[PDB]
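Next up: a single chain in structure tokens, the form deposited in one PDB entry.
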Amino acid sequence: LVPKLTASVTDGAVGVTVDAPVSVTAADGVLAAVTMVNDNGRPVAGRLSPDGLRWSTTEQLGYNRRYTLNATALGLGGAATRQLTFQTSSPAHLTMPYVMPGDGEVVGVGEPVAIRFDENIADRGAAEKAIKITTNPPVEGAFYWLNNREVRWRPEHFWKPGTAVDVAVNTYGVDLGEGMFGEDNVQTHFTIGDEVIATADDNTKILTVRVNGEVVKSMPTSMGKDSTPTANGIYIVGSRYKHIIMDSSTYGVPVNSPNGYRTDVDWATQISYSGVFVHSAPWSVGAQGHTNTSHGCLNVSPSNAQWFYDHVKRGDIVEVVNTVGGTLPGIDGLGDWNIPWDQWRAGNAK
């Protein structure tokens, strides 16, 4: 019997995707030599199996390449040689994904998986299928898009403390629609820490911090005045700042417009993309616990703001109740939990 050569690609092929390695296998014989070179002649890194039956590329294959594969199989029954030339995907565009939270970070029970592309994604389903989420203990979750570039993944309920979460965004070589391909793969891993939920009740004007169910802090607060109220609902804690200049035009509002502003504040914890913060407000300490005076922020004392900075982490939860405002938008950026599970689970890939 003459040896048989079988490659993972065909000699005519074009649009060969680079999301997977190229391989060659021998039957009724072993692989004596396999080389693969690109256009100019540079050989691709590859390794042969110990039993000599299978060879495969070991480095990343490039977009817009013309590769030529040469293989020889030897067996008792004789020899066989093949030569194959193929062309890989040529993207009209590349997009790079960015993942949050950071690798190795410990976050609160409200932290969603966040994958943000630097380009609009024409084929949302293709992107979702390219993203592998591992959870331990395993929990059901689903993808939901906040906009054309950023997709979120979360369970039905807040994470259980101690849960490991692994995120592999494998979009290299993947057609993301309209000739858009992934620029590279990214992978992050994070862990869920203590359950921290802080509740702001407009009926008491108190911000109560509960850690695993126990009250550890009760902060008098001043929230949004009736003119610019604080929206009710569930807020996810984002970034924290020892100090930050608060610019209204960052959130749409022109600085010298009626409800515009530019002020420098201390100990600020962001809880919405729309610009709601927990922060130090020495000017309204008399009002805190009594009357709402803010532009929507949860004003607290300088001491309590620093405490919040020190003790609350990314992914922890702030819940606002009983204000004269509406409900925080589900697609705010930190308002994901306000979307009903039935709607989130359904997703919006189409």
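Throughout, we count residues from 1 along the sequence that is shown. Note that the rigid core is defined as the largest set of C-alphas that superpose within 1.5 Å between two forms.
The next section is about a form of this same protein that is not shown, the form deposited in another entry.
| message | Which one moved? Candidates are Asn259, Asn136, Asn120, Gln187, criterion is a Cα shift of 2 Å or more between this form and the one not shown after superposing on the core. | response | Shifted by 2 Å or more: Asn259 only.
| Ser218 C-alpha moves between this form and the one not shown by 2 Å or more, core aligned | No, the C-alpha moves less than 2 Å.
| request: Superpose the two forms on their rigid core, then report whether the C-alpha of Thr250 is displaced by 2 angstroms or more between this form and the one not shown. | output: The answer is yes, as the C-alpha of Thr250 shifts between this form and the one not shown by 2 Å or more after core alignment.
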